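A.B. asks: the sequence isn't on hand, but the structure is:
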């Protein structure tokens, strides 16, 4: 329960469970599957 | 009612009514009944 | 959440350990790709690694 | 719950009073097995005998003394008590250490209370309105070197600000790497002929560095910070024998030479009452 | 329907022990040893199970029980780290996991008197003889099949051998809280204690960390009949069970 | 659908080998190794399976391939009887059973020329150098990881090293009947041969009896380019598989 | 290196408890991955989690 009206008072959001490390680990145009030759 | 989100804040659990002193008093392989000869 | 999957001996043409970092991609190679691993669970959520807590 | 059942004269071949302790079992022989008992009830639950209450009451577990003064010209500050640090150990006070050692493994989230009191034995017209900064130091966190070090920012190190006399109250989830604290560790941290025995990763939880952040007044205020601890979410395993000899160190069961007897000698022979 | 509770037979691998005056075997904390389930594993390498090769009764050198013997103490798996392939599986890895089925043997006639205390003390961290803040040196707490004789002289780095204080500051009368059994020469001659893996972690080192410690402490002094030899042999036999190892490694290097 | 037949990966236990110019692996007689079924067992003791501890790639000391090298010969499981816990499981029993996944390694550039003959000869009983009715002494045929260098001088009790006669009286050109593979520096640099257990019995001794023998015989002489080192390293890596042992015994006593 | 070069390397991971490998025969006993340098210029050896305790200290 909040005691104030404006959003500056609300508490933190906790944790963002929506993870997606692909944008940083595999920022490649063509799809690369584990095991298959990276270049062919 | 809790005022905090993380489990470090909750109160104690009270009492664990689930008791089982057999593991400490009778940690024997074969079952021993009161009255019957312990060894035969 | 599963941490490491069960994997036995591997004799195949698919080599997940060989890649080319010239592409700039980090293949998510797991321990089950290089050795024989057992079934294990994470038992961890990562609440303290979020940017909101860090 | 029934305490004692009704039992009259017993003339049978089943002898519940005779057994063989060579088996290692403790037969739950009741008073109704040796005498004639009446129907009685327990009227008792045992809420205060639980490990959560036996080990889960706030108590003092460490203490130190420091000062807040004009620190000019004191090259070695920390060793001069311009700020003092204590390695977290539940084995420095004996009346709680014994209760904790009664078992081999204990898992608990902790509760800490840091008690500081202002005082001036020397000439001092008043007792300042201090604001004590209490800081948690995880393994690796820069063990501060001066009262004004680059650590007190506390960006990752937990900090709690509060005035002297009043106490902080922060909870700590179980910070062990195992499923419990190794109350007894019959093992070494690694294989070396010069390593320390028992005291290992399981023992070191970090340390608590005490100070004051207010700039100095005109006199030395020798502060004694007493630390109190309550155990929360207590779980115990592998009960052990009660502590008989006292301690000399933390985490070590080592005792002194020529220790004093613990058994109360009788006055007379074995037949005296 | 006629049987006996003192006649027991334990067959593990290719070893078989027989007894006719044994006491009800003690299962420490009513928990039989079991393989580490996947829901608790933290390491990633797969475990190897030398089920039949190492899970067998290994007989340790017998001890001489005299009228002045204080007791004996053994550490596990240290007591079996020089025994065949178990020692190699223990050294060549960084960690190990296995249960133990201890079997103490002490036979005598109906004229002898005495009582031995066979107790398993998990995490038996012993006390040093110098006090203050002295440590106990790895070279002593890990003897091997030799064990620790509580009647010998103390050496620099070996813990104190005051059997009264259990070598750790606890009284002898309080060791009964641990899983134990008495070998009463009039009633019992062989004790059996099935020891599971007891530790705060799913897996831990087996060379630097000994999970349990076996102790044989004579409570009642040995009173042999008139004209008999004032000595009785005590043979300790331990059999690993549910053994596991992870991370076959360059041999673990111990001193000597 | 795009892949390659020269890029292969073999993962056994905690060891992993990678190659990009390998030839189609040879499965000796199209029979993969399999555990001894009950319908053929003659011994009564139960077998122990150190699946993960011993079934891993053990890299043997590399050899130097010169313009005058005749070849090299290795005996199994002799070649791995001093390797970690496999050697102990091999000695401390009277018999053993296990397959082998041989992997020879010899890399070079596109300018070098030469061809190695990697062949597995089951029951390679070698010939003595003295003729008549002389025997070959156990001390030589069982070198260990050392192997037999066919270019060295003969010693009393070691078989003859005439690579032409395959050390047994058979011509080199006829060894191709056995499961083999050529390491052609222009086409292949790593050979792989999965060797199953080959013997007339369900189980036999593993210390006194070597089931198979690995040979690396250079057929075409090494012709290095002008100005290059006239030597190429040959690394042999063997991985046991489907290992079994029966009758844990007092250590097998070999000479030395 | 040059594309016309050939070389075989063995990356060996030694779990805790044993000293650092001083030779190749001692290194190859533990977790190792034989790297064949060819068209694939990069090798990816995942160091497996081999520990008794659930977590190790960063320091």
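C.D. replies: Perfect, I can see it now. Numbering: from 1, shown residues only, chains lettered A, B, ... in the order given.
A.B. asks: neighbours of residue C:15, how many?
C.D. replies: Residues within reach of residue C:15, counting by other C-beta atoms under 10 Å in any protein chain shown, total 28. Where C-beta positions appear, they are placed from N, C-alpha and C, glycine not excepted.
A.B. asks: give me the distance between the residue in chain A positioned nearest to chain E and chain B.
C.D. replies: Residue of chain A nearest chain E, by C-beta to the nearest C-beta: residue A:34 (17.0 Å). Per C-beta to the nearest C-beta, to the nearest Å, residue A:34 is found 36 Å from chain B.
A.B. asks: list the contacts of that residue.
C.D. replies: C:16, C:27, C:28, C:29, C:33 (C-beta atoms under 8 Å, 6 or more residues apart in numbering or on different chains).
A.B. asks: hmm, try it at 6 Å
C.D. replies: C:16, C:27 (C-beta atoms under 6 Å, 6 or more residues apart in numbering or on different chains).
A.B. asks: could you tell me how far it is located from residue C:19?
C.D. replies: 8 Å (C-beta to C-beta, to the nearest Å).
A.B. asks: hey, what's in contact with both of the two?
C.D. replies: residue C:27.
A.B. asks: which phi and psi values does residue 20 adopt?
C.D. replies: If you meant another chain, say so; for now it's chain A. Backbone torsions for residue A:20, taken as degrees, to the nearest 10, come to phi -160, psi 80.
A.B. asks: over to the one 5 residues further on?
C.D. replies: Torsion angles at residue A:25 (phi, psi; degrees, to the nearest 10) stand at phi -90, psi -40.
A.B. asks: do residue E:6 as well
C.D. replies: According to degrees, to the nearest 10, residue E:6 has phi -90, psi -20.
A.B. asks: need the contact list for it.
C.D. replies: B:39, E:21, E:22.
A.B. asks: the first one contacts residue D:21, doesn't it?
C.D. replies: No: the criterion here is C-beta atoms under 6 Å, and residue B:39 misses it with residue D:21 at 10.9 Å.
A.B. asks: nearest residue to residue G:42 in space, please, no chain neighbours.
C.D. replies: residue C:21 (4.4 Å; C-beta to C-beta, 6 or more residues apart in numbering or on different chains).
A.B. asks: next: residue E:15.
C.D. replies: residue E:57 (3.8 Å).
A.B. asks: burial check on that neighbour, number of neighbours?
C.D. replies: For residue E:57, the neighbour count with other C-beta under 10 Å is 18.
A.B. asks: what about the residue lying closest to residue E:125 once chain neighbours are set aside, distance to residue E:121?
C.D. replies: Excluding the flanking residues, the one nearest residue E:125 by C-beta to C-beta, 6+ apart is residue D:186, at 4.8 Å. For residue D:186, the distance to residue E:121 equals 8 Å [C-beta to C-beta].
A.B. asks: now residue E:155
C.D. replies: In terms of C-beta to C-beta, residue E:155 sits 22 Å off from residue E:121.
A.B. asks: what's the answer for residue E:196, then?
C.D. replies: 14 Å.
A.B. asks: gap between the two ends of stretch G:43-52?
C.D. replies: 28 Å (C-alpha to C-alpha, to the nearest Å).
A.B. asks: oh, I was asking about stretch E:119-129
C.D. replies: End-to-end for stretch E:119-129, by C-alpha to C-alpha: 23 Å.
A.B. asks: do stretch G:4-20 as well
C.D. replies: 33 Å.
A.B. asks: close to chain D, is that stretch?
C.D. replies: No: using C-beta under 6 Å from any C-beta of the partner chain, stretch G:4-20 never reaches chain D; the gap is at least 6.8 Å.
A.B. asks: can you list the buried residues in that stretch?
C.D. replies: Residues G:6, G:8, G:10, G:11, G:12, G:13, G:14, G:15, G:17, G:18 are the ones in stretch G:4-20 that count as buried (16 or more other C-beta atoms under 10 Å in any protein chain shown).
A.B. asks: which among those residues are in contact with chain E?
C.D. replies: Answer for those near chain E (C-beta under 6 Å from any C-beta): G:15, G:17, G:18.
A.B. asks: next, format these as JSON lines and append secondary structure and distance to residue E:162.
C.D. replies: Compiled in JSON lines, those are given as follows (DSSP: H, G, I helix; E, B strand; the rest coil; distance: C-beta to C-beta, whole Å):
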{"residue": "G:15", "secondary structure": "coil", "distance to residue E:162": "39"}
{"residue": "G:17", "secondary structure": "coil", "distance to residue E:162": "33"}
{"residue": "G:18", "secondary structure": "coil", "distance to residue E:162": "36"}
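A.B. asks: and which of the residues you listed is nearest to chain F?
C.D. replies: residue G:15 (9.2 Å).
A.B. asks: these two touch, right, that closest one and residue E:94?
C.D. replies: Yes: with contacts counted by C-beta under 6 Å, residue G:15 reaches residue E:94, the gap being 4.3 Å.
A.B. asks: joint contacts of those two?
C.D. replies: E:247, E:249.
A.B. asks: now check stretch E:138-155, is it near chain G?
C.D. replies: No: Stretch E:138-155 is not in contact with chain G by C-beta under 6 Å from any C-beta; minimum separation 13.5 Å.
A.B. asks: who touches that stretch?
C.D. replies: D:188, E:60, E:69-74, E:78-79, E:82, E:129, E:157-158, E:161, E:163, E:255.
A.B. asks: which residues touch residue G:15?
C.D. replies: Residue G:15 touches E:94, E:247, E:249, G:50, counting by C-beta under 6 Å, 6+ apart.
A.B. asks: helix/strand/coil for the last one?
C.D. replies: I take that to be residue G:50. Put simply, residue G:50 is coil when judged by DSSP: H, G, I helix; E, B strand; the rest coil.
A.B. asks: would you list the phi and psi of it?
C.D. replies: Dihedral angles of residue G:50 (phi, psi; degrees, to the nearest 10) stand at phi -120, psi 90.
A.B. asks: quick check: it vs chain F, distance?
C.D. replies: 9 Å.
A.B. asks: could you do the third one as well?
C.D. replies: Counting by C-beta to the nearest C-beta, the gap from residue E:249 to chain F is 9 Å.
A.B. asks: and the helices in the chain?
C.D. replies: Chain wasn't specified; assuming chain A. For chain A, the helices defined by DSSP state H cover A:22-25.
A.B. asks: same check on chain G?
C.D. replies: Listed in chain order, the helices of chain G (DSSP H) span G:24-27.
A.B. asks: more neighbours: residue E:155 and residue E:121, which one.
C.D. replies: Counted by other C-beta under 10 Å, residue E:155 and residue E:121 do not tie: residue E:121 has more neighbours, with 27 against 10.
A.B. asks: over to the closest residue to the more buried one other than its chain neighbours. Which of the three states is it?
C.D. replies: In space, and not counting its chain neighbours, residue E:121 is closest to residue E:213: 5.0 Å by C-beta to C-beta, 6+ apart. At residue E:213 the chain is in strand, as set by three-state DSSP.
A.B. asks: if we can go back for a sec, in the contacts of residue E:6, which residue is surrounded by the most others?
C.D. replies: Ranked by neighbours (other C-beta under 10 Å), the contacts of residue E:6 are led by residue E:22, which has 27 neighbours.
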